[PDB]
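Asker: Quick one: the structure is below, questions incoming.
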Amino acid sequence: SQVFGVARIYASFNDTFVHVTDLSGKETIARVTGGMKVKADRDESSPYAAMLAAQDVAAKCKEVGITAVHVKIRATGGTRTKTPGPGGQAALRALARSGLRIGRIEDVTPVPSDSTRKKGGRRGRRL
Amino acid sequence: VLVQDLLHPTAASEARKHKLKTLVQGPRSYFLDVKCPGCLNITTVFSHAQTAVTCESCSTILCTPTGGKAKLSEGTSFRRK
Amino acid sequence: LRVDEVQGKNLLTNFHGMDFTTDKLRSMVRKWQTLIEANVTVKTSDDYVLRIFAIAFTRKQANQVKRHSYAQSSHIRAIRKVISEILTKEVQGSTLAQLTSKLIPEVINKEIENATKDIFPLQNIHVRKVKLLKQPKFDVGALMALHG
Amino acid sequence: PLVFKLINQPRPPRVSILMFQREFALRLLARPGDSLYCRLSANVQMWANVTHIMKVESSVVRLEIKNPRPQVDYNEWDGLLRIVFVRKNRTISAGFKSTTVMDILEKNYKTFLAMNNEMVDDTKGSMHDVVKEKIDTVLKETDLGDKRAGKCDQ
Amino acid sequence: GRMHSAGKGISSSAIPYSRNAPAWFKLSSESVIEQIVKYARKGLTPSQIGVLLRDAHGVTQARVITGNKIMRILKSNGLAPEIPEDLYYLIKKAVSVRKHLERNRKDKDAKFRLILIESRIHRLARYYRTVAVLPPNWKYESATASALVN
Amino acid sequence: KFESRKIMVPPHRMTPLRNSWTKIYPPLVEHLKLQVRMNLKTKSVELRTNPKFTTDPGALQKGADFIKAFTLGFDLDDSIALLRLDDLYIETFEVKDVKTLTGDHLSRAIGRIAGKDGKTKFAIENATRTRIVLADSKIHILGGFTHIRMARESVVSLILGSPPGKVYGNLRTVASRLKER
RNA sequence: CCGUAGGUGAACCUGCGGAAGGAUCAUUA
RNA sequence: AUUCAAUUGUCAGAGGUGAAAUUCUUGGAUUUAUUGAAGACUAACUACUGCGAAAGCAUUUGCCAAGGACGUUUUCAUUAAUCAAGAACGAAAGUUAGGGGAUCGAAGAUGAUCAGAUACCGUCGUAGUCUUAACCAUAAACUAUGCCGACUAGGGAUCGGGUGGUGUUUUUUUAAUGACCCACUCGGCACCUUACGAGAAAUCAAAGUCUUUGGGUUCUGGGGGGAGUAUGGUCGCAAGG
Ligand SMILES: [Mg+2]
Ligand SMILES: [Mg+2]
Ligand SMILES: [Mg+2]
Ligand SMILES: [Mg+2]
Ligand SMILES: [Mg+2]
Ligand SMILES: [Mg+2]
Ligand SMILES: [Zn+2]
């Protein structure tokens, strides 16, 4: 019937990546960062930048003609956190809002069996 | 519980407690007189027989040591004492 | 699934591996039961080298009062012995098409369920994940026979 | 680097009056058997005669550069005292074969033998040779290696 | 109690009240002591004579149907061992764990258990030397312990 | 032009699901105009749409977000706030991600984010427009980025072992220039 | 705070391992 | 999983942040996909818990010896309890000499910044972190509670063993077991109520059986500093004990 895409959302604390290609990771189709859509450095990972970036990805997918898409979402993984940030959630809201068909929503975050030492030390890392 | 007989307890509650905590210490074991049907002879076996006791003529394991009580052979009769 | 061969803008695709979604594993692990992981190193009848990871568990029975149902370590070693034997003879008695044809109707965990019912009550048994390790000398007619 | 700016300049002055922090003034006046002893103690104690006047906490200290400067290269001496002063409590033999110290030192040695044209063998140090063991041989050849950084003199 | 440990377990043989022979027992004293001596020519230690006597023959204890203990009617025949049973087993256990620790030199727990087992051998050697059923010039050494085992 | 999403039901919250499901479904079915089907056996909820419904593709994502919210401890008034607003999003984070704690250290960190009768939790919902649910090792804050960002600064103060008085002082400082602007 | 190590410092910071002598709300079986 | 290498696609960022800033990106960075190599680690399962003298101990399998508990109409017959001298072990960090050195990372090299909400921040990173041979003997090494023995409360549990059930389930045709239930029973980890009793009180099945003062035994304290300092001795390569 339709053509499904393979979508990736990578949600750090400081940007978001909305990055999609076809099956098996052949050649990347649309590619945005958080920095290119708002030039303010305080708003790299804003949900406004996330929705406008995912809207431009949806425009790219519409002009190449891909309607259905399969998405997996992730954090950095590893020693840092597991579930994605809210920039990924706003990206999901934008891609569903865009009128593009969605196929599957899962969470392929790279999860360790047993991690190594994180980059904070004994005391802690956040503030 | 200010007063109760420690001399004459009720026998339902007396063998109900531990082996060593009775008024006179008694075992809770017995002896089994076992008849395997193949040779028809009386063999007196401990109820907690901790070794592989065979019969004296046939090589039939009458009981195997399994922890507390020794399990007897299947299809084999037994008596108390 | 891995792509190998070209037929005029159409592509033959071969088996490569199986996995679950990670949220299935996140829901699937219970805080009040004992988790068993069993692993076996496999050479197949069709000269593949494979790795099979099977997961078994501990049930509540229909008569339980206990709020937790743990298992002793000798029980766990016995079930892991049984899963290794069932998986080993099952993959040795079959080839790749029969492995895929027994993956879909859950025959293997049914063999686990009725072969381990004498050891412990087991629940939610599936092989989780399939790895290819060695690929043999490349064939042609067997792959189109898999396509045919 | 506070005393480094007035240890190697052209046309050295007559005297040097200045106020610094007091603990650096303890480092310029540290005995070799002290925990206060450092590399800069050696740097003043054979390039710049120094004594303490006018304790102010801060300290005044007086410096004079020796006009007959002794012929010691500052780069190699500074590097060796750095790599034995950072590992102050350690010894000297195993401290050189570190991870990346044991690249940059034989880089310095290969530039040191670039005008000497010494043949680097296939024996080169992992069992008995110049990257691993001839370093131990030449620290055995001098007053260092077993005597630590809080005991060796000039 | 329970020295060289922290357990407080009570798990032991009870004894029945009856100091006389049981009524259902039908075997004679000369028959059971010739049973004891034919089990003694097989070289077993007196705990196993008691256990196989309890299981396959139904004898309650040795002390009731004859007037003696087990080695009273074993040195009456003069088949008593030259060292007592439990001390000999402690030597066997010590040379077994010494074999393990000469195999593996990093096992600290086996070394500390060797210290505990050696303490038990010293205490039992003191007691059995005190009664002088052991000669007074007997001292433990580990090489002579391996000699007495082998 | 149908679309169905599949979502997982926790065992810890299926009894308030069957308790307050009568208050859950008719607001979204009436106002938001969707279709819900259960699978009580397989812990699954079917959120489906139809061309006979209204054309609104983003509210299907919103409905999956309501059930994703209800997955993680969240009550129904925050579902009303998620109905009415759009800037309000969800977060999880782990106790071990800030500081490696074990056992009673974990219990005292959960006590520090909880507080005596939940009062430091009360102080962090009222002064920041956030909503707090504590799991065994997961922290959950709803809201917008200016709100949840100062909630981040407070909670990584508190789970680092800073005393709650400094949390209250920094909390009213950031609340003061929050309501000032 | 304790133990160890280091840069120092007018104070003091940092690396590794421990302790609470520090504040369990809500929810459920 | 992380890091790095090889191959792959594509285009203005990636990085870090109270905030910015450094770092490296037409030789296509971050990221996507196919592999490979390295060394650590053993998450979720994980507590309502287990073992060990303590420190400590979470993948599977095999071997090696060890240990508690229970059962015992076995064996020895006081062989016991506590401990100056002496001895074994002893977290982390440290020390010598090797192998390895992925991540993290005190020193150092670097940038900063802009304010008195403020430097926590970044990037390389040596030592180390890992292992082998030998040292070192300290911790908030904590249950802040010596060890053995007896008595003075129950009950909801649980872990390991045992006993019993015309108890359940698992079928094959009834059993056998395995799992579950009940009534116990010892022996551990813990809980909740009291008060007879203690304490200054918080609180406590021991912190009770102590002015109605004696079951056995080992160590320590005598107002606060000076001070774990001076000095002597002792061990250690030293740091130091
Ligand atoms: Mg003792
Ligand atoms: Mg006792
Ligand atoms: Mg105090
Ligand atoms: Mg002493
Ligand atoms: Mg001490
Ligand atoms: Mg005094
Ligand atoms: Zn017979």
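Asker: Being part of a loop (DSSP other than H, G, I, E, B) and on the phi < 0 side of the Ramachandran plot is the filter here; which residues of the stretch C:2-12 pass it?
Answerer: Those that are part of a loop (DSSP other than H, G, I, E, B) and on the phi < 0 side of the Ramachandran plot: C:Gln7, C:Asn10.
Asker: Taking the stretch B:27-49 on its own, how many of its residues are more than 7 Å from RNA strand H (Cβ to nearest atom), assigned to a loop (DSSP other than H, G, I, E, B) and surrounded by fewer than 16 Cβ atoms within 10 Å (Cβ to Cβ)?
Answerer: 6
Asker: I need the full set of residues from the stretch B:50-70 which are surrounded by fewer than 16 Cβ atoms within 10 Å (Cβ to Cβ) and either of a type in the set (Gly, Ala, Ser) or in a strand (DSSP E or B) (or both), in order please.
Answerer: B:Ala52, B:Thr54, B:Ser57, B:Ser59, B:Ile61, B:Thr64, B:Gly67, B:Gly68
Asker: Which residue pairs have Cβ atoms under 8 Å apart, sit 6 or more places apart or on different chains, and have a first residue in the stretch F:61-80 that is within 14 Å of chain A (Cβ to nearest Cβ) and a second that is among the small types (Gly, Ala, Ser) and more than 16 Å from ligand 2 (Cβ to nearest atom)?
Answerer: Qualifying pairs under 8 Å: F:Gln61/A:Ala96; F:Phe66/F:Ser79; F:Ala69/F:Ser79; F:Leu72/F:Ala135.
Asker: Continuing with this model, one more query. Quick one: in the stretch A:75-98, of everything that is assigned to a loop (DSSP other than H, G, I, E, B), more than 9 Å from chain F (Cβ to nearest Cβ) and under 10 Å from the mean Cα position of the chain (by Cα), which residue is nearest to ligand 7 (Cβ to nearest atom)? Give the derivation first.
Answerer: Going residue by residue through the stretch A:75-98, those that are assigned to a loop (DSSP other than H, G, I, E, B) are A:75-85, A:98.
If we keep only those that are more than 9 Å from chain F (Cβ to nearest Cβ) too, we end up with A:75-78, A:84.
If we keep only those that are under 10 Å from the mean Cα position of the chain (by Cα) as well, we get A:75, A:84.
On the way: A:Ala75: 73, A:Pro84: 75 Å.
Among residues in the stretch A:75-98 that are assigned to a loop (DSSP other than H, G, I, E, B), more than 9 Å from chain F (Cβ to nearest Cβ) and under 10 Å from the mean Cα position of the chain (by Cα), the one nearest to ligand 7 (Cβ to nearest atom) is A:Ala75.
Asker: Within the stretch E:1-47, work out how many residues are of a type in the set (A, V, I, L, M), within 14 Å of RNA strand H (Cβ to nearest atom) and part of a helix (DSSP H, G or I).
Answerer: Number of matching residues: 4.
Asker: Right, another one. Within the stretch C:13-68, count every residue that is small (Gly, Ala, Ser) and part of a loop (DSSP other than H, G, I, E, B).
Answerer: 3
Asker: Quick one: which residue in C:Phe57, C:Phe53 is within 14 Å of chain A (Cβ to nearest Cβ) and on the phi < 0 side of the Ramachandran plot?
Answerer: C:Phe53
Asker: Within the stretch F:1-35, track down each residue that is more than 14 Å from every other protein chain (Cβ to nearest Cβ) and touching a strand residue (DSSP E or B) at 6+ places or on another chain (Cβ under 6 Å).
Answerer: F:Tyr25, F:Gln35 - these are the residues of the stretch F:1-35 that are more than 14 Å from every other protein chain (Cβ to nearest Cβ) and touching a strand residue (DSSP E or B) at 6+ places or on another chain (Cβ under 6 Å).
Asker: Among the residues of the stretch D:8-28 satisfying the criterion of being surrounded by fewer than 17 Cβ atoms within 10 Å (Cβ to Cβ) and of a type in the set (A, V, I, L, M), which is farthest from ligand 7 (Cβ to nearest atom)? So that I can check it myself, show each step before the final result.
Answerer: Here is the first cut: in the stretch D:8-28, the ones surrounded by fewer than 17 Cβ atoms within 10 Å (Cβ to Cβ) are D:8-24.
In the following step, the residues that additionally are of a type in the set (A, V, I, L, M) were identified as D:15, D:17-19.
Numbers: D:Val15: 118, D:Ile17: 115, D:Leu18: 111, D:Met19: 110 Å.
Of everything passing the filter in the stretch D:8-28, D:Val15 is farthest from ligand 7 (Cβ to nearest atom).
Asker: Looking only at the stretch F:147-167, count how many residues are surrounded by 17 or more Cβ atoms within 10 Å (Cβ to Cβ) and more than 21 Å from the chain's Cα centre (by Cα).
Answerer: Number satisfying all stated conditions: 2.
Asker: Here are some conditions: (1) among the β-branched types (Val, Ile, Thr); (2) part of a helix (DSSP H, G or I); (3) buried (at least 16 other Cβ atoms within 10 Å of the Cβ). C:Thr100 meets all but one. Which one does it not meet?
Answerer: (3)
Asker: Any residue in the stretch D:54-67 that is under 26 Å from D:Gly95 (Cβ atoms), touching a helix residue (DSSP H, G or I) at 6+ places or on another chain (Cβ under 8 Å) and of a type in the set (D, E, K, R)?
Answerer: Within the stretch D:54-67, none of the residues are under 26 Å from D:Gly95 (Cβ atoms), touching a helix residue (DSSP H, G or I) at 6+ places or on another chain (Cβ under 8 Å) and of a type in the set (D, E, K, R).
Asker: Would you confirm, using the coordinates I've provided, whether E:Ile70 is in a loop (DSSP other than H, G, I, E, B), of a type in the set (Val, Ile, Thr) and within 7 Å of RNA strand H (Cβ to nearest atom)?
Answerer: So E:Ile70 passes the test.
Asker: Being within 15 Å of RNA strand G (Cβ to nearest atom), out of contact with any strand residue (DSSP E or B) (no Cβ under 9 Å at 6 or more places or on another chain) and hydrophobic (A, V, I, L, M, F, W, C) is true for just one of F:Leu158, F:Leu178. Which residue is that?
Answerer: None of the other options fit; the residue is F:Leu158.
Asker: Identify, by number, the condition in (1) in a loop (DSSP other than H, G, I, E, B); (2) away from chain A (no Cβ under 14 Å) that C:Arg80 doesn't meet.
Answerer: For C:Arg80, the failing item is (1).
Asker: Go through (1) away from every other protein chain (no Cβ under 11 Å); (2) part of a loop (DSSP other than H, G, I, E, B) for B:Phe78 and report which single condition fails.
Answerer: (2)
Asker: Take B:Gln4 and tell me if it is in contact with a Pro (Cβ under 7 Å, 6 or more places away or on another chain) and more than 16 Å from ligand 7 (Cβ to nearest atom).
Answerer: Taking the combined requirement at face value, the residue does not satisfy it.
Asker: Shifting gears a bit: Name the residues in the stretch B:10-56 that are over 26 Å from B:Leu72 (Cβ atoms), within 13 Å of another protein chain (Cβ to nearest Cβ) and hydrophobic (A, V, I, L, M, F, W, C), would you?
Answerer: If the condition is that a residue be over 26 Å from B:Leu72 (Cβ atoms), within 13 Å of another protein chain (Cβ to nearest Cβ) and hydrophobic (A, V, I, L, M, F, W, C), then B:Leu20, B:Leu23, B:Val24 are the ones that fit.
Asker: Moving on to the next point. Return yes when A:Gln55 is in a helix (DSSP H, G or I) and closer than 20 Å to F:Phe93 by Cβ and no when it is not.
Answerer: Numbers: in a helix (DSSP H, G or I): yes; closer than 20 Å to F:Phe93 by Cβ: no.
For A:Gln55, the condition - in a helix (DSSP H, G or I) and closer than 20 Å to F:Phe93 by Cβ - is not met.
Asker: Would you mind finding the one in F:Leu88, F:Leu158, F:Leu134 that is within 14 Å of another protein chain (Cβ to nearest Cβ) and over 30 Å from F:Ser4 (Cβ atoms)?
Answerer: Numbers: F:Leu88 fails: over 30 Å from F:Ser4 (Cβ atoms); F:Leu134 fails: within 14 Å of another protein chain (Cβ to nearest Cβ).
Unique residue meeting the criteria: F:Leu158.
Asker: Something else: Could you tell me whether C:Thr13 is of a type in the set (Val, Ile, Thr) and farther than 25 Å from F:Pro11 by Cβ?
Answerer: Answer is yes for this residue.
Asker: Next question. Sort out which residues of the stretch F:123-146 are surrounded by fewer than 18 Cβ atoms within 10 Å (Cβ to Cβ), more than 14 Å from RNA strand H (Cβ to nearest atom) and part of a helix (DSSP H, G or I), and write them in order of number.
Answerer: F:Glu125, F:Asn126 - these are the residues of the stretch F:123-146 that are surrounded by fewer than 18 Cβ atoms within 10 Å (Cβ to Cβ), more than 14 Å from RNA strand H (Cβ to nearest atom) and part of a helix (DSSP H, G or I).
Asker: Which residue pairs have Cβ atoms closer than 7 Å, lie 6 or more positions apart in sequence or on different chains, and pair a first residue in the stretch E:1-27 that is assigned by CATH to the domain that holds E:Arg123 with a second residue that is acidic (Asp, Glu) and in a loop (DSSP other than H, G, I, E, B)?
Answerer: none
All of this is worked out from the model, or read from it or from the source named; no laboratory instrument gave them. Neighbour counts are summed over all protein chains in view; Cβ atoms, including those assigned to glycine, are modelled from backbone coordinates with ideal geometry.
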